[PDB]
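First comes one chain, alone, set out as structure tokens in the form deposited in one PDB entry.
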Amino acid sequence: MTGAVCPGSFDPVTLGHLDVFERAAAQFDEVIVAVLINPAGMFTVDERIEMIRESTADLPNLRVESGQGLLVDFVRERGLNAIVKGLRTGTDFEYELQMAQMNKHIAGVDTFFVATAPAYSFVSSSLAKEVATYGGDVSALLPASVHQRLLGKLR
């Protein structure tokens, strides 16, 4: 039985994230989305977890959990040793490569990167929030449920 962890802050989850979740769930027997609790953002951890669960309702082999500290501990504690992450640019690859090599060195945990779907290559949680704050329409870039909650926080 194979498995991977998809880590992030997901504040909020975007369609870019969801695309990665879907592709991981299609290729591994089990996927765990790991939501970081940090020393902070727009949505509480529980809010983020619920938005991810709504968006991944049709992925039966994917579950969502929170964690803190070293990601490789979160991964190994659950019997796995693979991370799956989405990538948008060469710059992304160079920073993430450092962390991937470090994670493999310290804990034997592998990282698999997947290129973003072209349609979602310019979406990030940060930019979506920023645009929405000033009234820009980001409804095509977020799951439907997320866009609903986001308008709420902003009002």
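Shifts are known only where both forms have a C-alpha. Throughout, rigid core stands for the largest set of C-alpha atoms superposing within 1.5 Å between the two forms. One-based numbering along the sequence shown.
The form deposited with a small molecule bound is left out here; the points below concern that form.
- The shortest heavy atom separation between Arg88 and the small molecule in the deposited bound form is within 4.5 Å.
- Contact annotation for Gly3: none of its heavy atoms lies within 4.5 Å of the small molecule in the deposited bound form.
- Using a 4.5 Å cutoff between non-hydrogen atoms, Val20 counts as a contact of the small molecule in the deposited bound form.
- Contact annotation: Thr116 falls within 4.5 Å of the small molecule in the deposited bound form, judged by heavy atom distances.
- Core-superposed comparison between the shown form and the other one: residues with C-alpha shifts of 2 Å or more form a single run of three or more, at 88-93.
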